Each structure stands twice: as C-alpha cells, then as structure tokens.
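I have placed the structure first, in the form of structure tokens, so that the comments after it can refer back to it.
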Amino acid sequence: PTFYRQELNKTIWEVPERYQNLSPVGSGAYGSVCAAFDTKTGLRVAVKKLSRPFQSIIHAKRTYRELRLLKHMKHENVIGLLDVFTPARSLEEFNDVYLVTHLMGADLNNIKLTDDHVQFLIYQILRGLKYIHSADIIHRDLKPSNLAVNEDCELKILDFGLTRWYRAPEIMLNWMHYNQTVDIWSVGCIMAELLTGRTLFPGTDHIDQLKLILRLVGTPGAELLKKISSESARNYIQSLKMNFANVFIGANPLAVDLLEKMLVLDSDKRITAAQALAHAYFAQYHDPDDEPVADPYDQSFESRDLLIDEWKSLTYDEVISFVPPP
Ligand SMILES: O=c1ncn2nc(Sc3ccc(F)cc3F)ccc2c1-c1c(Cl)cccc1Cl
Ligand SMILES: CCCCCCCCO[C@@H]1O[C@H](CO)[C@@H](O)[C@H](O)[C@H]1O
C-alpha cells in the first residue's frame, strides 16, 4: 500500500492512502487520535498512533497488550480493529503502530437524560461488558470518557479514551484480587450520573472518595469488616445506608432497584453483567439470544517479564498476521 506522510500538531502521521482527510481529535497518555475518511468503505474512522511503542519494556508490553486485546474484541458494543498498520517494511525498522476503528464521534462525557436513553446506554455497556467479562478480562477503568457514542446513541466500550469517581471501593483500598464486578460498580456510578445529571461520588482524593461512598451505601456490616486486613482502613472506616429510593427520588423504580444491586460494597454480592441484562429495567432491550460471549482469551503473556526486542517482535508478528473483518 502507498503511504503518505503529514504533520498534525507537531506529531508526524504516516498512513496508507486508503485513509483521507486526517483531522486531529485529541490525545492521551498512550497516543494521539485522528478522525479520517476510509475511501475503501466510505465510513469515517478513528486512527490512533501509539506514542513511542517501544520506549521501554512497559511501553512495549503495553503496546502488545493493546494490539492483542483489540484483535480479539469482536462485538457491537466494544471497540475492535478495522485495520492495523505500520510504515515499517521490516522488523529492524519497526517503531510505529497505528490502530483503526469505526468512528462514533463523541464520548459519554460530552453527552440530564430521559429514562429511555439511560435504559439503552446502560444496556449497551452491560451487553459489551458481558462479552468482555466472558473472556476473563476486567476493564478496571470504566468511566464516561471510555464510552464512545453515536449521534443515534449507539455505544462502544473503549480501552483508553481522550477516574477515582467511578472506581470500586476495594480498588481504592488496594485489595489486589479484584472480581469483575469492579466494572459493575463503575457502571452503577455512570448510570446514576446519567439519571441525575451529577457525579455520584465526586471525591477530592482516594480517602474522601471512601467517605462519600460510605455516606450513601452505609458502613460495612460485621461480615465485610472482618475481610479488611488493613488496620488503618478499618480504623478510618469505623471512625465515621441512605434510602436509595429518596436519593434517586423521581427515577424509574426499576432503575433504582438495579442501582441498589450494582452499588453493593461486598463485591461477592454485586450483580454480574449477565445477571443485570436480565433485570426488568431492560425488558424492552433484553434478548438472551443476542447477547453473545467471547472466544477464550490468552492473557498468559501478562505474567511474563521479557526484553523490549521480544515484546517488539511479538507486536510485529501480530501486525503482519492481522486479518480484517468482512
Ligand atoms: O468516536 C470515537 N471512536 C473511536 N475512538 N477511539 C479512540 S482510541 C482508538 C482505539 C482503537 C482504534 F483502533 C482506534 C482508536 F482511535 C479515541 C476516541 C474515539 C472516538 C471519539 C472521538 Cl473521534 C471524539 C470524541 C470522543 C471519542 Cl470517544
Ligand atoms: C470504604 C467502603 C468499604 C469497602 C468494602 C469493599 C468490600 C469489597 O468486597 C470484597 O472484595 C474483595 C476483593 O475482590 C473480596 O476478596 C471479598 O470477598 C469481598 O467481600
């Protein structure tokens, strides 16, 4: 394919002629994104240029992790790859990676909604999340900026968009043994924000965050306190449930019920994505024959400590072996 090279905000962009009208959209810690017109399909696409993929072992592993993940994601409510490319002709000159996906045009942060909107948006997050969780993946950072949305309200989960507010309390306590329901806590927070037009737990730090959570959900019972190893955490928690019905007064009572089953302190007793999809609140959208699960996903590389050249070679193999969707 014939590549062409141009400069957008001091960043060099070298892409196939397939992609036209490159327009800068923004950036993150892990790269920069342009909007572009895909002449092959006539659709608009988001192109992400990874910034310095192989600067370090951690960058190299992060690059591999992203490419491997997005190659696996094949679902309507989850970001996947239309294309992956590098201007490098060989492994020896391999130093850039570009990822291409279908463009939605907005995130959930740039969007007080009606109840039907909330039903549809949250249903799509949970449908996508069921698929993600079925591959034994935990997102760990669900928040509005990691949810890409259409102008007809279709939603896809992103891995990194353009945080503590939506984090499960056990992550704040640094438990390290997280259940997948950490993502369901995050969904609970987002859902509440959409309904009420305001952040549920706008903590100023990780400590204030727990205070705000405790004010709504109540102090943990005896059964939860005995699971907390940290003497400091236990001393802070004990040195301090609101009627959800009233906190979310005016909302759909089925929306309030679901929210009570998501924002549960005990991660064991939180509703799963698959369980939440069958809640009466989503009766208009729930179709158990169209809520698919994922092919098992090999994350065994995550426990490996490899050199940059090894990560880099493995990333290159995954670029060359990429087969686009139909
Ligand atoms: O609509 C989008 N669709 C996809 N992405 N992807 C990314 S990152 C990315 C990931 C995988 C790709 F193949 C390519 C990538 F760029 C970032 C934003 C984005 C948007 C978007 C836009 Cl264009 C504007 C405002 C807010 C958002 Cl969430
Ligand atoms: C400040 C509010 C108190 C937070 C209590 C969080 C309880 C989280 O729940 C706990 O999650 C752990 C990690 O997945 C599991 O090991 C436990 O079984 C579970 O009870």
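Here, A, B, ... name the chains of the structure tokens in the order displayed, residue numbers run from 1 inside each chain, and ligands are numbered from 1 in the same displayed order.
Selecting all polymer residues at most 8 Å from ligand 2, using only C-alpha atoms and all ligand atoms, gives residues 168, 169, 170, 173, 175, 176, 177, 178, 179, 182, 210, 211, 213, 214, 219, 220, 224, 225, 227, 228, 233, 237, 265, 266, 267, 268 and 269 of chain A.
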For residue 59 in chain A, please output as an mmCIF file with C-alpha atoms, in the first residue's frame all residues within 10 Å (counting only C-alpha atoms; exclusion window: fewer than 6 positions along the same chain).
data_model
loop_
_atom_site.group_PDB
_atom_site.id
_atom_site.type_symbol
_atom_site.label_atom_id
_atom_site.label_comp_id
_atom_site.auth_asym_id
_atom_site.auth_seq_id
_atom_site.Cartn_x
_atom_site.Cartn_y
_atom_site.Cartn_z
ATOM 1 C CA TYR A 30 -0.706 6.279 25.251
ATOM 2 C CA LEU A 50 0.730 4.894 19.603
ATOM 3 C CA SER A 51 3.283 7.311 21.053
ATOM 4 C CA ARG A 52 6.693 5.652 21.366
ATOM 5 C CA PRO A 53 5.521 1.988 21.410
ATOM 6 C CA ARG A 65 -1.337 -5.878 25.271
ATOM 7 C CA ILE A 308 11.983 -4.894 24.617
ATOM 8 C CA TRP A 311 7.868 -7.631 23.006
ATOM 9 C CA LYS A 312 8.644 -5.697 19.808
#
Selection as a PyMOL selection string: residues within 9 Å of ligand 1 by only C-alpha atoms and all ligand atoms:
chain A and resi 24-28+31-35+45-49+66-67+70+79-84+98-110+144-150+156-162
Output as a tab-separated table one row per residue of range 57-132 of chain A within 12 Å of range 278-296 of chain A: the closest atom pair and its distance in Å to one decimal place, counting only C-alpha atoms, sorted by chain and residue number ascending.
residue	atom	partner	partner_atom	distance
A:69	CA	A:296	CA	11.7
A:71	CA	A:295	CA	11.8
A:72	CA	A:295	CA	8.1
A:73	CA	A:294	CA	8.0
A:74	CA	A:294	CA	7.9
A:75	CA	A:292	CA	8.1
A:76	CA	A:292	CA	9.9
A:77	CA	A:291	CA	10.4
A:78	CA	A:294	CA	11.4
A:115	CA	A:281	CA	9.9
A:116	CA	A:284	CA	9.5
A:117	CA	A:282	CA	11.3
A:118	CA	A:282	CA	9.9
A:119	CA	A:282	CA	6.2
A:120	CA	A:285	CA	7.3
A:121	CA	A:282	CA	10.4
A:122	CA	A:282	CA	8.9
A:123	CA	A:282	CA	6.6
A:124	CA	A:285	CA	9.2
A:125	CA	A:291	CA	11.5
A:126	CA	A:291	CA	9.5
A:127	CA	A:291	CA	6.1
A:128	CA	A:291	CA	8.4
A:129	CA	A:293	CA	9.6
A:130	CA	A:293	CA	6.8
A:131	CA	A:293	CA	4.6
A:132	CA	A:294	CA	7.0
Export N, CA and C atoms of the chosen residues as a tab-separated table (two decimals), in the first residue's frame?
chain	number	residue	atom	x	y	z
A	69	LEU	N	-5.38	-7.34	22.48
A	69	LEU	CA	-6.74	-7.20	23.01
A	69	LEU	C	-7.72	-6.81	21.91
A	71	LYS	N	-7.43	-6.99	18.74
A	71	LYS	CA	-7.55	-8.05	17.72
A	71	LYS	C	-8.59	-9.11	18.12
A	72	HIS	N	-8.75	-9.32	19.43
A	72	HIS	CA	-9.72	-10.28	19.96
A	72	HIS	C	-11.16	-9.75	20.06
A	73	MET	N	-11.32	-8.45	20.29
A	73	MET	CA	-12.64	-7.86	20.53
A	73	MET	C	-13.48	-7.82	19.25
A	74	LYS	N	-14.52	-8.64	19.22
A	74	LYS	CA	-15.45	-8.72	18.09
A	74	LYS	C	-16.89	-8.69	18.61
A	75	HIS	N	-17.41	-7.47	18.76
A	75	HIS	CA	-18.69	-7.26	19.42
A	75	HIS	C	-19.20	-5.85	19.12
A	76	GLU	N	-20.51	-5.71	19.01
A	76	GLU	CA	-21.13	-4.44	18.61
A	76	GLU	C	-20.88	-3.29	19.58
A	77	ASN	N	-20.78	-3.60	20.87
A	77	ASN	CA	-20.61	-2.58	21.92
A	77	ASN	C	-19.19	-2.50	22.50
A	78	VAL	N	-18.21	-2.97	21.72
A	78	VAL	CA	-16.81	-2.98	22.13
A	78	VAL	C	-15.94	-2.60	20.95
A	115	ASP	N	-35.30	8.56	30.81
A	115	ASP	CA	-35.13	7.19	31.28
A	115	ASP	C	-34.88	6.20	30.14
A	116	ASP	N	-35.52	6.41	28.99
A	116	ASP	CA	-35.33	5.51	27.85
A	116	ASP	C	-33.90	5.59	27.32
A	117	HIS	N	-33.33	6.79	27.29
A	117	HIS	CA	-31.91	6.96	26.93
A	117	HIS	C	-31.02	6.18	27.88
A	118	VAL	N	-31.29	6.30	29.17
A	118	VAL	CA	-30.48	5.61	30.18
A	118	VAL	C	-30.59	4.09	30.04
A	119	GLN	N	-31.80	3.59	29.75
A	119	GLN	CA	-32.01	2.15	29.55
A	119	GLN	C	-31.14	1.62	28.41
A	120	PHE	N	-31.13	2.37	27.31
A	120	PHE	CA	-30.44	1.96	26.09
A	120	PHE	C	-28.93	2.04	26.24
A	121	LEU	N	-28.44	3.13	26.82
A	121	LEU	CA	-27.00	3.33	27.02
A	121	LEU	C	-26.41	2.31	27.99
A	122	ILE	N	-27.07	2.13	29.13
A	122	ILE	CA	-26.58	1.20	30.14
A	122	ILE	C	-26.72	-0.26	29.67
A	123	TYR	N	-27.79	-0.57	28.94
A	123	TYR	CA	-27.94	-1.90	28.34
A	123	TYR	C	-26.76	-2.24	27.43
A	124	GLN	N	-26.34	-1.26	26.62
A	124	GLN	CA	-25.24	-1.46	25.68
A	124	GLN	C	-23.89	-1.64	26.37
A	125	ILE	N	-23.68	-0.91	27.47
A	125	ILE	CA	-22.46	-1.06	28.26
A	125	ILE	C	-22.40	-2.47	28.85
A	126	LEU	N	-23.53	-2.94	29.38
A	126	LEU	CA	-23.62	-4.25	30.04
A	126	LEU	C	-23.56	-5.41	29.04
A	127	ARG	N	-24.09	-5.20	27.84
A	127	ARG	CA	-24.01	-6.18	26.77
A	127	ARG	C	-22.55	-6.35	26.34
A	128	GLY	N	-21.87	-5.23	26.11
A	128	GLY	CA	-20.44	-5.23	25.84
A	128	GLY	C	-19.61	-5.82	26.98
A	129	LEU	N	-20.01	-5.50	28.22
A	129	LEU	CA	-19.28	-5.96	29.40
A	129	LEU	C	-19.42	-7.47	29.64
A	130	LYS	N	-20.58	-8.03	29.29
A	130	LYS	CA	-20.79	-9.47	29.39
A	130	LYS	C	-19.78	-10.20	28.51
A	131	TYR	N	-19.60	-9.69	27.29
A	131	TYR	CA	-18.65	-10.23	26.33
A	131	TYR	C	-17.22	-10.12	26.86
A	132	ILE	N	-16.85	-8.92	27.32
A	132	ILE	CA	-15.53	-8.66	27.88
A	132	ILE	C	-15.24	-9.57	29.07
For range 183-200 of chain A, find every residue with an atom within 7 Å (counting only C-alpha atoms), except residues of its own chain fewer than 4 positions away, and show them as a ChimeraX atom specification.
/A:112-113,118,122,139-140,142-144,166-168,259,262-263,272-273
As an MDAnalysis selection string, please: all residues of range 1-75 of chain A that backbone DSSP puts in alpha helix (DSSP H).
chainID A and resid 57:72
Would you output that residue set with N, CA, C and O atoms, as a PDB file, in the first residue's frame?
ATOM      1  N   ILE A  57      10.364  -1.373  28.335  1.00  0.00           N
ATOM      2  CA  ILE A  57       9.749  -2.692  28.488  1.00  0.00           C
ATOM      3  C   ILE A  57       8.248  -2.551  28.715  1.00  0.00           C
ATOM      4  O   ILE A  57       7.445  -3.227  28.071  1.00  0.00           O
ATOM      5  N   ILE A  58       7.882  -1.651  29.623  1.00  0.00           N
ATOM      6  CA  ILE A  58       6.482  -1.409  29.975  1.00  0.00           C
ATOM      7  C   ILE A  58       5.668  -0.845  28.803  1.00  0.00           C
ATOM      8  O   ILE A  58       4.520  -1.246  28.601  1.00  0.00           O
ATOM      9  N   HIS A  59       6.258   0.077  28.046  1.00  0.00           N
ATOM     10  CA  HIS A  59       5.631   0.584  26.824  1.00  0.00           C
ATOM     11  C   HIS A  59       5.467  -0.528  25.795  1.00  0.00           C
ATOM     12  O   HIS A  59       4.414  -0.648  25.166  1.00  0.00           O
ATOM     13  N   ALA A  60       6.517  -1.328  25.625  1.00  0.00           N
ATOM     14  CA  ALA A  60       6.498  -2.469  24.705  1.00  0.00           C
ATOM     15  C   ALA A  60       5.402  -3.470  25.068  1.00  0.00           C
ATOM     16  O   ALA A  60       4.626  -3.880  24.207  1.00  0.00           O
ATOM     17  N   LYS A  61       5.343  -3.843  26.345  1.00  0.00           N
ATOM     18  CA  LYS A  61       4.318  -4.771  26.842  1.00  0.00           C
ATOM     19  C   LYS A  61       2.920  -4.170  26.701  1.00  0.00           C
ATOM     20  O   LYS A  61       1.977  -4.862  26.316  1.00  0.00           O
ATOM     21  N   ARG A  62       2.800  -2.879  27.005  1.00  0.00           N
ATOM     22  CA  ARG A  62       1.532  -2.145  26.869  1.00  0.00           C
ATOM     23  C   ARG A  62       1.035  -2.149  25.422  1.00  0.00           C
ATOM     24  O   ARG A  62      -0.148  -2.366  25.167  1.00  0.00           O
ATOM     25  N   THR A  63       1.949  -1.908  24.485  1.00  0.00           N
ATOM     26  CA  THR A  63       1.650  -1.956  23.050  1.00  0.00           C
ATOM     27  C   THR A  63       1.128  -3.330  22.632  1.00  0.00           C
ATOM     28  O   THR A  63       0.074  -3.437  22.006  1.00  0.00           O
ATOM     29  N   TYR A  64       1.881  -4.371  22.982  1.00  0.00           N
ATOM     30  CA  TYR A  64       1.486  -5.758  22.719  1.00  0.00           C
ATOM     31  C   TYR A  64       0.102  -6.036  23.297  1.00  0.00           C
ATOM     32  O   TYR A  64      -0.784  -6.541  22.603  1.00  0.00           O
ATOM     33  N   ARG A  65      -0.070  -5.684  24.568  1.00  0.00           N
ATOM     34  CA  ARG A  65      -1.337  -5.878  25.271  1.00  0.00           C
ATOM     35  C   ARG A  65      -2.507  -5.232  24.535  1.00  0.00           C
ATOM     36  O   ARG A  65      -3.569  -5.839  24.411  1.00  0.00           O
ATOM     37  N   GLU A  66      -2.321  -4.004  24.056  1.00  0.00           N
ATOM     38  CA  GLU A  66      -3.399  -3.314  23.353  1.00  0.00           C
ATOM     39  C   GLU A  66      -3.712  -3.995  22.024  1.00  0.00           C
ATOM     40  O   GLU A  66      -4.868  -4.311  21.750  1.00  0.00           O
ATOM     41  N   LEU A  67      -2.684  -4.220  21.209  1.00  0.00           N
ATOM     42  CA  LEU A  67      -2.866  -4.854  19.901  1.00  0.00           C
ATOM     43  C   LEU A  67      -3.524  -6.238  20.037  1.00  0.00           C
ATOM     44  O   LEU A  67      -4.494  -6.538  19.340  1.00  0.00           O
ATOM     45  N   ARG A  68      -3.003  -7.059  20.948  1.00  0.00           N
ATOM     46  CA  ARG A  68      -3.572  -8.385  21.234  1.00  0.00           C
ATOM     47  C   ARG A  68      -5.048  -8.321  21.640  1.00  0.00           C
ATOM     48  O   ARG A  68      -5.858  -9.149  21.212  1.00  0.00           O
ATOM     49  N   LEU A  69      -5.381  -7.344  22.480  1.00  0.00           N
ATOM     50  CA  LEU A  69      -6.736  -7.200  23.012  1.00  0.00           C
ATOM     51  C   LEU A  69      -7.717  -6.805  21.913  1.00  0.00           C
ATOM     52  O   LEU A  69      -8.728  -7.481  21.701  1.00  0.00           O
ATOM     53  N   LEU A  70      -7.405  -5.721  21.210  1.00  0.00           N
ATOM     54  CA  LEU A  70      -8.292  -5.209  20.167  1.00  0.00           C
ATOM     55  C   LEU A  70      -8.446  -6.175  18.992  1.00  0.00           C
ATOM     56  O   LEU A  70      -9.487  -6.185  18.334  1.00  0.00           O
ATOM     57  N   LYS A  71      -7.428  -6.993  18.736  1.00  0.00           N
ATOM     58  CA  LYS A  71      -7.548  -8.053  17.724  1.00  0.00           C
ATOM     59  C   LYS A  71      -8.588  -9.108  18.123  1.00  0.00           C
ATOM     60  O   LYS A  71      -9.237  -9.695  17.259  1.00  0.00           O
ATOM     61  N   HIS A  72      -8.754  -9.320  19.428  1.00  0.00           N
ATOM     62  CA  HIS A  72      -9.724 -10.282  19.958  1.00  0.00           C
ATOM     63  C   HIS A  72     -11.160  -9.748  20.055  1.00  0.00           C
ATOM     64  O   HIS A  72     -12.110 -10.517  19.942  1.00  0.00           O
TER      65      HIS A  72
END
